[PDB]
**Q** 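Provided herewith is a single structure, encoded as structure tokens, for subsequent inquiry.
Hydrogens, waters and symmetry mates play no part in the numbers below; they use all other heavy atoms, side chains included. Order of the sequence lines sets the chain letters (A, B, ...), proteins ahead of strands, with each chain counted from 1.
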Protein chains: 2
Amino acid sequence: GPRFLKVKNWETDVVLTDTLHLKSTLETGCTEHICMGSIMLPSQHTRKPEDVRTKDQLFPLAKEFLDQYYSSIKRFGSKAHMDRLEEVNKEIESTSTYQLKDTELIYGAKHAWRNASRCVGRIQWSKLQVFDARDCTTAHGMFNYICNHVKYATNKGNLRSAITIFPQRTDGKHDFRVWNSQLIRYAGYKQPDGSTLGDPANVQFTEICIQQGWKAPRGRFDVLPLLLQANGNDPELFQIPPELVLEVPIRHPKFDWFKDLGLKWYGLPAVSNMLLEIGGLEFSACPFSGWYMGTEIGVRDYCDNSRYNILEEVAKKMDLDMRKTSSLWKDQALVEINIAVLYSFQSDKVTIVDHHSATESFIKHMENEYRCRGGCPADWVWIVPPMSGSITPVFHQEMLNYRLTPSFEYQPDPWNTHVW
Amino acid sequence: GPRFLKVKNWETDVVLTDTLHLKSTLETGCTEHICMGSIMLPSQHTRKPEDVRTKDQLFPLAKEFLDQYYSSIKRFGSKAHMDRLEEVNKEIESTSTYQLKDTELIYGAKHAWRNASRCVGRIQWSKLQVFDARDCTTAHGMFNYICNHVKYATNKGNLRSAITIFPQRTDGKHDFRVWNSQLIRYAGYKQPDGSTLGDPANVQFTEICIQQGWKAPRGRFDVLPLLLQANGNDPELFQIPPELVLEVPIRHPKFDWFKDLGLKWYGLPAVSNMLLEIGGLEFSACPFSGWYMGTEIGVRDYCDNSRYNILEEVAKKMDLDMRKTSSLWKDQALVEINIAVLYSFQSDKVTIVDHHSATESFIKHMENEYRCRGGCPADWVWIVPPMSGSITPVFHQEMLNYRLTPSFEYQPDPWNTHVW
Ligand code: HEM
Ligand code: HEM
Ligand SMILES: C[C@H](O)[C@H](O)[C@H]1CNc2nc(N)[nH]c(=O)c2N1
Ligand SMILES: C[C@H](O)[C@H](O)[C@H]1CNc2nc(N)[nH]c(=O)c2N1
Ligand SMILES: NC(=[NH2+])NCCC[C@H](N)C(=O)O
Ligand SMILES: NC(=[NH2+])NCCC[C@H](N)C(=O)O
Ligand SMILES: [Zn+2]
């Protein structure tokens, strides 16, 4: 009733009950009289530049996580359970923090993905390769750990999901941070004509890189150098071995003139600017990767007005009346581009998933999560594809959104906080 | 500020400050721990049945509306204002209700559209023809009023926005209801051999009509009979003069086989099942109409799996690779289809707007409203088109959704509560 929230699919009339939401702790930004559900960053964890968890705040968080952990392995309240609780309990009193066991790290990492409401690929949550890198101490050690990750996940094209976790944060002792937004991403340059070469989204970062010595090739698809920071020290540039950055040349299965557009994209989507949170611990560096859903590249990266914005030129090549928006020429070109993207990746044998199947699998994931967990936090706004929304099952799916921990949060850009 | 909610557009990086949300008092259905912004009927102030308001509940509401109404005209705290307040207050305790002047009714109708968070066409809000049918007493009277609306509104294909407001709710006389979801819509028949002929969304209503004496043509696009109810009396059937129902045969500007798909739609979209609420008064019968956005018919009405579901047939004809969804045949079919729809209308001089022009307009509207009004409640989930969402400006725009009064609300189906 008042607690048994319901979610129904208006296409298949199936109604599911959500109880998991009750275990929620954090706030969504939505109040009783207003809904912020479309606000990108409610700032309810963009982790401002201030203090951190207190010895007090930290244990309860640990207790909850540890309790979660033992229920899952079917050892709730067991001596082993009580034991690690006092152990962690003591560890914090003395050290003002603690360390997670390998079993606890893998679990929490897989669950920060399971609770990522904006992710449509969470049906893969249980298959994640965790790379404990907490022993790292330098920018060179970081680069080695990263290269190993990029190579493991790219797997010659047969992508694999994986995440690398570097040393948890401390306090005024400083921390680790990958300054890139993603391990692999093209550069962006501002032309004299006010125009912009390459990826407009990475313009400021690229200037940081070139400003730190990087020799920019000044091309359309220039892979950026890694700008790793360790222990709270100045970041150090590091170019990724080219044979390790898999790329796909985009071509259409009908338009021979497609290749002529000079389009290409990278195979591995690895987000690296987020913060993994487990048992109260903040992991400022935890690059993770999986594989692309066509539209990410095709619709968003290529056609976004702010990104490459290739719709116009692609329309011309098709000979479409771009005079009236009523022709739906932007729409027509858009479907062609994304057909090209899935075509290439598939031809080059690189892993990728189209929005139709991706969204369908997510519906099964949802049916699973309700069945075995009693819920599944989902951000409708993010979960629905940025093209052909209506024809995907998730458009008619009603989703409940709440914040569960372990989780992935946004955090400030290191160059708006790093002194010197 | 710390109470001046700021919304941003992640394409132009334009940030607007909303102070208007402060004037809302009603529930959204969300809390700090949960967001139900993707829930269709977030049961949080829909429109309770049984009895109705009360002297206690009514005056404050009426007061809020009037102070608001007199501020619009710039007479707050004037003689007309003060005197008007007391007349109402007086008339309420005596008659246990009150009537709205003709000026206050037009202001309420218009502003209930202005506050419709799920409407993208709101730039027209001020341009509205209000038809006062508060003198109506019988179904035959209701039909005459409806007929006059359809004609004024249709205007030979040069559509005009209008609304017919019937008598408000009382207690015992009883509601005036239009049992039809939309003034003009096609029937749906579920054949014994599983199939559904015509619109599957109208199968339930069609069965009521047939049960009330309607003789069914039993076809694919049979315009349904009006089923009207006056003063709480049993509803009665009324056919709408064919010459009053403007229709449009759908054809494609390049594909001549489209003609043979056998499609046509009505040019006038008139919602008639919502409840208009003004100054505490509830108008159960208030059909309203404007003009269509291409996608409503092209994506939703024609392509939804639970409606006319015509993607397959169109694809085969186009002969797309329907073997694997990575060919995006569904995306390709959906575009041509919507091109055909916008084509057919514009050719038959029937008013219609494409999702590109609409969203571009809702944006300028939002900005103007933030300027003059201080905000604009909007529902991202409904405002973004069901196709090519990201290439439309609204997708990259943040929207604050909240409840303002006057407003249009959902109300139970008349057949699930009408006694005898
Ligand atoms: C099976 C492969 C995967 C697919 C198909 C997938 C797909 C997606 C999609 C479409 C988005 C939208 C991104 C955007 O629009 O910017 C997304 C976001 C996200 N995914 Fe997944 N995902 C996968 C694997 C992963 C992995 C391995 C993790 C972490 C362990 C993860 C965590 C998330 C998070 C945190 C977001 C939020 C992005 C943001 O806030 O900018 N995903 N994913
Ligand atoms: C000028 C032409 C108009 C356009 C192009 C426009 C467009 C739209 C669209 C695209 C929807 C979505 C409906 C759906 O997805 O099922 C909608 C919904 C809505 N519009 Fe407008 N609108 C127009 C006129 C009006 C008028 C005259 C009113 C009332 C005075 C109005 C009130 C609303 C409301 C209350 C909804 C919510 C529908 C619901 O909750 O089911 N609109 N409109
Ligand atoms: C303003 C709005 O929240 C923003 O544009 C959102 C909408 N939905 C999205 N959905 C996904 N998957 N990715 C995005 O970047 C966005 N952007
Ligand atoms: C479940 C979900 O809220 C529902 O399918 C919504 C999504 N957005 C929509 N947007 C519009 N304009 N119309 C709709 O009917 C819907 N349906
Ligand atoms: N499938 C993923 N894990 N994607 C992560 C984000 C990738 C980003 N949206 C891009 O397309 O560049
Ligand atoms: N443009 C409008 N006023 N539309 C009102 C709703 C029409 C409805 N979505 C339909 O396609 O039948
Ligand atoms: Zn919300």
**Q** Indicate whether the side chain of B:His45 and that of B:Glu409 have a donor and an acceptor atom separated by less than 3.5 Å.
**A** no
**Q** Which residues pass the salt bridge (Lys or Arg N to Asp or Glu O under 4.0 Å) test with A:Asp413, not counting sequence neighbours?
**A** none
**Q** Would you tell me whether A:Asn338 and A:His355 have side-chain atoms, one donor and one acceptor, within less than 3.5 Å of each other?
**A** no
**Q** So which residue, A:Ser327, A:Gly29, A:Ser357, A:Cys303, ends up with the most heavy-atom pairs under 4.5 Å with chain B?
**A** A:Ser327
**Q** Restricting to ring-ring contact (aromatic ring centres under 6.0 Å, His included), what partner residues turn up for B:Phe345, sequence neighbours left out?
**A** none
**Q** So which part of A:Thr295 gets closer than 4.5 Å to some heavy atom of chain B, the side chain, the backbone, both or neither?
**A** neither
**Q** Above 12 or not: heavy atoms from other molecules or residues under 6.0 Å from CG of A:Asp13?
**A** yes
**Q** Check each atom of A:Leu22 against the heavy atoms of chain B and say whether the ones under 4.5 Å are side chain, backbone, both or neither.
**A** neither
**Q** Flag the one option from B:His21, B:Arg300, B:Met36 with the top tally of heavy-atom pairs under 4.5 Å to chain A.
**A** B:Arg300
**Q** Is B:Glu312 paired with B:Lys316 through a side-chain N to carboxylate O contact shorter than 4.0 Å?
**A** yes
**Q** According to side-chain hydrogen bond (donor to acceptor under 3.5 Å, both in side chains), does anything in residues 341-351 of chain B pair up with another residue at least two apart or in another chain? List the pairs.
**A** B:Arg251-B:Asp348
**Q** For each of B:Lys330, B:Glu27, B:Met40, tally heavy-atom pairs with chain A at distances under 4.5 Å, and name the one with the top tally.
**A** B:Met40
**Q** Are the side chain of A:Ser43 and the backbone of A:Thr46 linked by a donor-acceptor contact shorter than 3.5 Å?
**A** no
**Q** Would you say A:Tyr292's side chain and A:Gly267's backbone share a donor-acceptor pair under 3.5 angstrom?
**A** no
**Q** Side chain, backbone, both or neither: which part of A:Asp379 has a non-hydrogen atom closer than 4.5 Å to chain B?
**A** neither
**Q** Return the option, out of A:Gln332, A:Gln44, A:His33, A:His356, with the maximum number of heavy-atom pairs under 4.5 Å with chain B.
**A** A:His33
**Q** Does any heavy atom of chain B fall under 4.5 Å from the side chain of A:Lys8, the backbone, both, or neither of them?
**A** neither
**Q** Count the heavy-atom pairs under 4.5 Å between each of B:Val381, B:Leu311, B:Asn305, B:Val7 and chain A, then report the option with the highest count.
**A** B:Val381
**Q** Taking every heavy-atom pair that is under 4.5 Å apart, which of A:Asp331, A:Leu26, A:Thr325, A:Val335 has the most such pairs with chain B?
**A** A:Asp331
**Q** Under a 4.5 Å heavy-atom cutoff, which of B:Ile339, B:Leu5, B:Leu342 has the most pairs with chain A?
**A** B:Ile339
**Q** Contact part of A:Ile352 toward chain B, heavy-atom cut-off under 4.5 Å: side chain, backbone, both or neither?
**A** neither
**Q** May I ask you to check whether over 12 heavy atoms, not counting those of A:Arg323, lie within 6.0 Å of atom CZ?
**A** no
**Q** What residues of residues 387-401 of chain B sit under 4.5 Å from chain A when only non-hydrogen atoms are counted?
**A** B:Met387, B:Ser388, B:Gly389, B:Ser390, B:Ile391, B:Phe395, B:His396, B:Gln397, B:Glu398, B:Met399, B:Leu400, B:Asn401
**Q** Measure A:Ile39 against the heavy atoms of chain B and call it side chain, backbone, both or neither at under 4.5 Å.
**A** both
**Q** Could you walk me through whether A:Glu32 and B:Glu32 pass the side chain to side chain contact (heavy atoms under 4.5 Å, CB included) test, one step at a time?
**A** CA-CA 7 Å; A:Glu32 305 93 341; B:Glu32 299 72 1; 2.8 Å; yes
**Q** Testing A:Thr28, A:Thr25, A:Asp18 for side-chain hydrogen bond (donor to acceptor under 3.5 Å, both in side chains) with A:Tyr402, which one passes?
**A** A:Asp18
